[PDB]
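Right, one structure below, let's go through it.
For neighbour counting, all protein chains shown are included, and Cβ atoms are generated from backbone atoms with ideal geometry for every residue, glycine included. Where a number appears in this text, it was derived from the coordinates with a stated rule and is not lab data.
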Amino acid sequence: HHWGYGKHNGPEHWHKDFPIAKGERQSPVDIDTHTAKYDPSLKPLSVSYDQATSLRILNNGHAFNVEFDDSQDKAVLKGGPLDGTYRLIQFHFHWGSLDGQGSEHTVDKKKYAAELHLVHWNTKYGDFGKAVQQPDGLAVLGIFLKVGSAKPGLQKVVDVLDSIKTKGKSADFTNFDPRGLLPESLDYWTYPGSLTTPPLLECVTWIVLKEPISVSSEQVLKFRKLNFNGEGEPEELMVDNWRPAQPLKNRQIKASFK
Ligand SMILES: Nc1c(F)cc(S(=O)(=O)Nc2nnc(S(N)(=O)=O)s2)cc1Cl
Ligand SMILES: Nc1c(F)cc(S(=O)(=O)Nc2nnc(S(N)(=O)=O)s2)cc1Cl
Ligand SMILES: [Zn+2]
């Protein structure tokens, strides 16, 4: 039936309905830190989220998305390998059933407990819909989450999760500041890729931060209490909603740091 992360509709099945699954620039990929090359042509990365307007949080049966108002440039990503301005539309996470797995991208094969994706679209293309029809339509800022100390800026998300336990549920989630989810350093790796979930469109410039943010065991645990299924259907814990590393093929990963 519908794609998912189960044994019969998981990552290894997606190619049947979404051929691009075996394309040339699929994500995520393993980040070989030694093979990644520092790039001088990379302009300073700019993350301007002070005017961010969060609107709501929703369970789409695959993960939960915190959406933002992107009708105006309020939260934009610029600089780095990007040409132009990209507006934040939503962010979500990917996590595992255990602390030892969960991230989509990996660093020297190392898997983190989870991974944060802040999705942005290129303003030159008018809307998100048109942006996903362009090779450079999107820019996703990926941040790894390791288990350790609690991340203050993530608790507001964690505490609202009970109100959107099942697929289809959503709740007002205004005045949330995404800056509270950013690590100290902005050092990153970047490469051309795709969405990590169907339709797996290859319209993404990936920017993955090197420094992980640390979250508490209890914060991650609450992520695992969510449900893939709908309210009246049998319970299936929302865990391991990540796609494994895909072939890098003809691509190079650039580092913004030497
Ligand atoms: N417009 C547009 C786009 F959004 C994406 C891709 S693509 O990602 O390179 N190729 C695929 N086109 N459809 C695909 S799917 N979901 O496998 O059927 S992905 C090509 C074009 Cl031309
Ligand atoms: N066409 C199209 C698209 F390319 C993407 C999304 S989306 O759900 O908002 N975006 C996400 N889908 N995958 C994500 S990931 N894990 O960041 O690569 S972002 C929805 C539609 Cl309808
Ligand atoms: Zn994602």
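Worth a mention:
- Within the stretch 15-59, considering residues that are of a type in the set (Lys, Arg) and within 16 Å of ligand 1 (Cβ to nearest atom), the one surrounded by the most Cβ atoms within 10 Å (Cβ to Cβ): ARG25
- When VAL66, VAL47 are screened for being assigned to a strand (DSSP E or B), of a type outside the set (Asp, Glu) and under 30 Å from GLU231 (Cα atoms), only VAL66 passes.
- For the residues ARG243, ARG179, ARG224, the requirement of being within 16 Å of ligand 1 (Cβ to nearest atom) and basic (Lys, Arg) singles out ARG243.
- Residue within the stretch 104-117 that is part of a loop (DSSP other than H, G, I, E, B), out of contact with any strand residue (DSSP E or B) (no Cβ under 7 Å at 6 or more places or on another chain) and of a type in the set (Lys, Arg) present: yes
- Options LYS130, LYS167; residue that is without any contact (Cβ under 8 Å) to a residue 12 or more places away in the chain and more than 15 Å from ligand 3 (Cβ to nearest atom): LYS130
- Residue match in the stretch 82-89 (condition: surrounded by fewer than 20 Cβ atoms within 10 Å (Cβ to Cβ) and more than 19 Å from the chain's Cα centre (by Cα)): yes
- Qualifying positions in the stretch 210-236 - buried (at least 22 other Cβ atoms within 10 Å of the Cβ) and in contact with a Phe, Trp or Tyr (Cβ under 6 Å, 6 or more places away or on another chain): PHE223
- Among the candidates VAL76, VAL29, residue that is farther than 17 Å from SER194 by Cβ and either among the β-branched types (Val, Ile, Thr) or away from ligand 3 (no atom under 16 Å from the Cβ) (or both): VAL76
- Wholly within the stretch 155-222, strands (runs of 3 or more DSSP E) carrying at least 1 residues that are under 24 Å from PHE18 (Cα atoms) and within 16 Å of ligand 2 (Cβ to nearest atom): 188-193, 204-209
- Test for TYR125: is it more than 14 Å from ligand 3 (Cβ to nearest atom), among the aromatic types (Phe, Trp, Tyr) and out of contact with any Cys (no Cβ under 7 Å at 6 or more places or on another chain): yes
- Residue match in the stretch 35-51 (condition: within 16 Å of ligand 3 (Cβ to nearest atom) and in contact with a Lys or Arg (Cβ under 6 Å, 6 or more places away or on another chain)): no
Residue by residue, here is whether (1) among the β-branched types (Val, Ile, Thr); (2) within 16 Å of ligand 1 (Cβ to nearest atom); (3) over 18 Å from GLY10 (Cα atoms) holds:
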| residue | (1), (2), (3) |
| --- | --- |
| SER185 | no, no, yes |
| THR196 | yes, yes, no |
| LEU209 | no, no, yes |
| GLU236 | no, no, no |
| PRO247 | no, yes, no |
| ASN250 | no, yes, yes |
